[PDB]
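S.K.: Input structure-v6.pdb, format and content: PDB, C-alpha atoms.
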ATOM      1  CA  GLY A   1      80.231 -85.618  45.557
ATOM      2  CA  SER A   2      82.749 -88.399  44.778
ATOM      3  CA  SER A   3      81.464 -91.894  45.727
ATOM      4  CA  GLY A   4      80.841 -95.261  44.016
ATOM      5  CA  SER A   5      77.823 -95.499  41.652
ATOM      6  CA  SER A   6      74.497 -95.397  43.532
ATOM      7  CA  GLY A   7      72.700 -97.826  41.150
ATOM      8  CA  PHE A   8      74.090-101.029  42.739
ATOM      9  CA  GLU A   9      72.463-104.477  42.299
ATOM     10  CA  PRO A  10      69.769-104.761  45.038
ATOM     11  CA  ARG A  11      67.917-108.047  45.648
ATOM     12  CA  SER A  12      64.975-108.832  43.377
ATOM     13  CA  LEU A  13      61.677-109.128  45.336
ATOM     14  CA  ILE A  14      59.248-111.984  44.624
ATOM     15  CA  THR A  15      57.039-110.123  42.131
ATOM     16  CA  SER A  16      53.437-111.370  42.501
ATOM     17  CA  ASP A  17      50.618-108.820  43.091
ATOM     18  CA  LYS A  18      50.680-106.739  39.884
ATOM     19  CA  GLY A  19      48.894-103.613  41.216
ATOM     20  CA  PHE A  20      50.467-100.281  40.136
ATOM     21  CA  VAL A  21      54.010 -99.400  38.996
ATOM     22  CA  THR A  22      56.297 -96.363  39.476
ATOM     23  CA  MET A  23      58.431 -94.619  36.795
ATOM     24  CA  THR A  24      61.472 -92.318  36.808
ATOM     25  CA  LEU A  25      62.729 -89.714  34.265
ATOM     26  CA  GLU A  26      66.377 -88.613  34.648
ATOM     27  CA  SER A  27      67.391 -85.065  33.651
ATOM     28  CA  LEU A  28      70.546 -83.575  32.102
ATOM     29  CA  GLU A  29      70.863 -80.920  34.860
ATOM     30  CA  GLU A  30      68.390 -79.222  37.268
ATOM     31  CA  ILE A  31      65.042 -77.788  36.104
ATOM     32  CA  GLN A  32      62.652 -74.989  37.174
ATOM     33  CA  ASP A  33      59.706 -77.032  38.603
ATOM     34  CA  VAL A  34      57.499 -80.007  37.483
ATOM     35  CA  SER A  35      56.173 -77.700  34.726
ATOM     36  CA  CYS A  36      59.326 -78.548  32.692
ATOM     37  CA  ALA A  37      58.628 -82.299  32.859
ATOM     38  CA  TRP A  38      54.840 -81.845  32.312
ATOM     39  CA  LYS A  39      55.370 -79.639  29.190
ATOM     40  CA  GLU A  40      57.836 -82.219  27.762
ATOM     41  CA  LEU A  41      55.566 -85.214  28.531
ATOM     42  CA  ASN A  42      52.662 -83.290  26.896
ATOM     43  CA  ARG A  43      54.800 -83.024  23.676
ATOM     44  CA  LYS A  44      55.841 -86.742  23.781
ATOM     45  CA  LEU A  45      52.599 -88.400  24.994
ATOM     46  CA  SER A  46      48.905 -88.015  24.161
ATOM     47  CA  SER A  47      46.575 -86.072  26.502
ATOM     48  CA  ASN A  48      44.728 -89.357  27.178
ATOM     49  CA  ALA A  49      47.923 -91.237  28.160
ATOM     50  CA  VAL A  50      49.683 -88.359  29.958
ATOM     51  CA  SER A  51      46.609 -88.124  32.290
ATOM     52  CA  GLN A  52      47.496 -91.606  33.677
ATOM     53  CA  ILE A  53      50.545 -89.994  35.375
ATOM     54  CA  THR A  54      49.841 -89.408  39.081
ATOM     55  CA  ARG A  55      51.902 -88.456  42.168
ATOM     56  CA  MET A  56      54.595 -86.698  40.089
ATOM     57  CA  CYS A  57      57.133 -85.432  42.644
ATOM     58  CA  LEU A  58      60.669 -83.982  42.240
ATOM     59  CA  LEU A  59      63.446 -86.473  43.055
ATOM     60  CA  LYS A  60      65.882 -85.701  45.888
ATOM     61  CA  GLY A  61      68.409 -83.642  43.888
ATOM     62  CA  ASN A  62      66.065 -81.956  41.287
ATOM     63  CA  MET A  63      67.860 -84.164  38.667
ATOM     64  CA  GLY A  64      64.653 -85.987  37.633
ATOM     65  CA  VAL A  65      61.088 -86.973  38.469
ATOM     66  CA  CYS A  66      59.241 -89.944  39.950
ATOM     67  CA  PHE A  67      55.543 -90.701  39.255
ATOM     68  CA  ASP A  68      53.037 -93.614  39.202
ATOM     69  CA  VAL A  69      51.119 -95.105  36.222
ATOM     70  CA  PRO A  70      49.024 -98.275  35.602
ATOM     71  CA  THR A  71      50.887-101.453  34.522
ATOM     72  CA  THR A  72      49.076-101.305  31.115
ATOM     73  CA  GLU A  73      50.124 -97.768  30.114
ATOM     74  CA  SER A  74      53.629 -98.491  31.563
ATOM     75  CA  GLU A  75      54.659-100.466  28.424
ATOM     76  CA  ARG A  76      53.023 -97.963  26.023
ATOM     77  CA  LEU A  77      54.831 -95.114  27.841
ATOM     78  CA  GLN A  78      58.139 -96.947  27.436
ATOM     79  CA  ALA A  79      57.542 -97.543  23.685
ATOM     80  CA  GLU A  80      56.254 -93.968  23.021
ATOM     81  CA  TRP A  81      59.406 -92.523  24.653
ATOM     82  CA  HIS A  82      61.785 -91.331  21.899
ATOM     83  CA  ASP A  83      62.990 -88.016  20.352
ATOM     84  CA  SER A  84      64.070 -86.637  23.803
ATOM     85  CA  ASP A  85      67.354 -86.478  25.730
ATOM     86  CA  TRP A  86      65.720 -87.685  28.977
ATOM     87  CA  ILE A  87      66.164 -91.329  30.105
ATOM     88  CA  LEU A  88      63.065 -93.364  31.146
ATOM     89  CA  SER A  89      63.205 -96.212  33.699
ATOM     90  CA  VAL A  90      60.902 -98.353  35.876
ATOM     91  CA  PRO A  91      62.706 -99.356  39.124
ATOM     92  CA  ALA A  92      61.513-101.944  41.682
TER      93      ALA A  92
END
Would you mind giving the structure from this file in structure tokens?

M.R.:
Amino acid sequence: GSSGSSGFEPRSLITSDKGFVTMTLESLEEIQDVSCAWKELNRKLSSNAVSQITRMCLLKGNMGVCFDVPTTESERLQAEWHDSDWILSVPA
């Protein structure tokens, strides 16, 4: 409802073991199901690259998605993201 911004400034962990990385995609409003996100991603990413997306789940609030990708494709994904209203981030 009406609270202070949820983002905050949490403590930075000692990054070391570069294994996998998680991604987030914020929506404008609610969506139908993951099909919305998948259809969009398929129109903004290549079949080859989009296949790296795993564990795509609906965020708590249906206002975006959360998924995992390799640390290599993570930068390509970030650069290839354009021409869409959705915001792309990579949290801790």

S.K.: Counting all atoms listed in the file, which residues sit no farther than 12 Å from the position (52.9, -85.3, 28.9) in the file's frame? I'd like them as a list in words.

M.R.: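 Neighbouring residues, ordered by chain and number, come to residues 34, 35, 36, 37, 38, 39, 40, 41, 42, 43, 44, 45, 46, 47, 48, 49, 50, 51, 52, 53, 54, 56, 67, 77, 80 and 81 of chain A.
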
S.K.: Write to file, as a short mmCIF file (atom, residue, chain, number, x, y, z; two decimals), in the frame of the given file, the residues of the selection just made, with C-alpha atoms.

M.R.:
data_model
loop_
_atom_site.label_atom_id
_atom_site.label_comp_id
_atom_site.auth_asym_id
_atom_site.auth_seq_id
_atom_site.Cartn_x
_atom_site.Cartn_y
_atom_site.Cartn_z
CA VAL A 34 57.50 -80.01 37.48
CA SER A 35 56.17 -77.70 34.73
CA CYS A 36 59.33 -78.55 32.69
CA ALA A 37 58.63 -82.30 32.86
CA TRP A 38 54.84 -81.84 32.31
CA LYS A 39 55.37 -79.64 29.19
CA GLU A 40 57.84 -82.22 27.76
CA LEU A 41 55.57 -85.21 28.53
CA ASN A 42 52.66 -83.29 26.90
CA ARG A 43 54.80 -83.02 23.68
CA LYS A 44 55.84 -86.74 23.78
CA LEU A 45 52.60 -88.40 24.99
CA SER A 46 48.90 -88.02 24.16
CA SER A 47 46.58 -86.07 26.50
CA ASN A 48 44.73 -89.36 27.18
CA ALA A 49 47.92 -91.24 28.16
CA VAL A 50 49.68 -88.36 29.96
CA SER A 51 46.61 -88.12 32.29
CA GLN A 52 47.50 -91.61 33.68
CA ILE A 53 50.54 -89.99 35.38
CA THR A 54 49.84 -89.41 39.08
CA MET A 56 54.60 -86.70 40.09
CA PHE A 67 55.54 -90.70 39.26
CA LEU A 77 54.83 -95.11 27.84
CA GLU A 80 56.25 -93.97 23.02
CA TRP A 81 59.41 -92.52 24.65
#

S.K.: How many Å separate atom CA of residue 14 of chain A from atom CA of residue 74 of chain A?

M.R.: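 Spanning atom CA of residue 14 of chain A to atom CA of residue 74 of chain A is a straight-line distance of 19.6 Å.
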
S.K.: Check the smallest atom-to-atom distance from each of A:62, A:89, A:5, A:84 to residue 31 of chain A using only C-alpha atoms, then report the winner.

M.R.: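 Checking each of A:62, A:89, A:5, A:84 against residue 31 of chain A, counting only C-alpha atoms, the winner is A:62.
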
S.K.: Quick one, how far is atom CA of residue 12 of chain A from atom CA of residue 76 of chain A?

M.R.: 23.7 Å

S.K.: Here's the selection I'm unsure about, the PyMOL selection byres ((chain A and resi 24) around 6); applied to the file above, which residues does it give, as a list in words?

M.R.: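 Output from the PyMOL selection byres ((chain A and resi 24) around 6), applied to this file: residues 23, 25, 65, 66, 88 and 89 of chain A.
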
S.K.: If I take atom CA of residue 59 of chain A and atom CA of residue 33 of chain A, how far is one from the other in Å, to one decimal?

M.R.: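 Separating atom CA of residue 59 of chain A from atom CA of residue 33 of chain A is a distance of 11.1 Å.
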
S.K.: When you count all atoms listed in the file, which of these residues is closest to residue 92 of chain A: A:1, A:10, A:70, A:19?

M.R.: A:10

S.K.: Name the closest residue to residue 75 of chain A among the candidates A:27, A:55, A:7, A:21; distances are taken between atoms, counting all atoms listed in the file.

M.R.: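 Checking each candidate against residue 75 of chain A, we get A:21 as the closest.
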
S.K.: Taking into account all atoms listed in the file, which residue in the set A:83, A:91, A:68, A:61 is nearest to residue 30 of chain A?

M.R.: A:61

S.K.: Grab all the atoms of segment 18-30 of chain A that the file lists, wrap them in a box along x, y and z, add 6 Å per side, and give me centre plus edge lengths in Å (one decimal) as lines of an AutoDock Vina configuration file.

M.R.:
center_x = 59.9
center_y = -93.0
center_z = 36.7
size_x = 34.0
size_y = 39.5
size_z = 21.1

S.K.: Return the single residue from A:85, A:90, A:3, A:78 that is closest to residue 28 of chain A, with distances computed using only C-alpha atoms.

M.R.: A:85

S.K.: So, counting all atoms listed in the file, which residue among A:71, A:22, A:16, A:2 is closest to residue 57 of chain A?

M.R.: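 The shortest atom-to-atom distance to residue 57 of chain A comes from A:22.
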